[PDB]
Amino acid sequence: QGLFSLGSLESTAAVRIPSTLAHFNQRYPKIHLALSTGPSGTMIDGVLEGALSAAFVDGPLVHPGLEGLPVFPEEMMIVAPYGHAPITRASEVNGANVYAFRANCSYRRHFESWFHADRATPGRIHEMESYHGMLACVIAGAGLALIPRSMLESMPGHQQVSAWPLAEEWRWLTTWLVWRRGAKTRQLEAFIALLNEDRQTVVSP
């Protein structure tokens, strides 16, 4: 019996990889898949140190100690209290209070940069421990949040908010699968094979 230690972003684990995790479990009954979640920085360190076999992390891929594959396109949605007018540019919500998922620095920085590009700013940023909590604050009328569409639409509360994608250069991010630079192990190759049988559906129309 072997061990495949896979790290993942919270959002990816929630709405992108469940089907692949089940398939891998059933395909390789003698491999123990150990799934952990955390921030990209921490996971990358775990992959580099050998504590993780691979991890789903925020792009872009820049660390020379890693190799990787771009896997999931995420559509970044600005989320507001119910019935709010479509938000198409940051000046329209200048000074608004913002709620961010603490563990995903890349999404927070992206949201901030979107404000700054239109010479606007959030009034303040509140770091939150969960997507459900973040969404509940928006539902309650407290401010705005930036959440991938895939994650947003999986949460019941999406019925109680209004959401729109960010404008083109800010609309899409990419979640990568990364591993330690070098020949892939048989287990990782096996995992990528099962994963690929799905990401054709995710990227294709």
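Note that residue numbering follows the sequence shown and begins at 1.
- Higher average CA B factor: 176 to 184, of the stretches 176 to 184 and 156 to 164.
- Here the stretch with the larger average CA B-factor, out of 189 to 197 and 13 to 21, is 189 to 197.
- Across the residues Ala55, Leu66, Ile139, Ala51, the deposited record lists the maximum Cα B factor for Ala51.
- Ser150: CA B factor in the lowest third of modelled residues in this chain (values from the PDB entry).
- Among the modelled residues of its chain, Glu112 has a C-alpha B-factor that falls in the middle third according to the deposited record.
- Among all modelled residues in this chain, the alpha-carbon of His32 has a temperature factor (C-alpha) in the middle third.
- In the deposited entry, the Cα temperature factor of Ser8 places it in the lowest third of its chain's modelled residues.
- The PDB entry assigns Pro70 a C-alpha temperature factor belonging to the lowest third of its chain's modelled residues.
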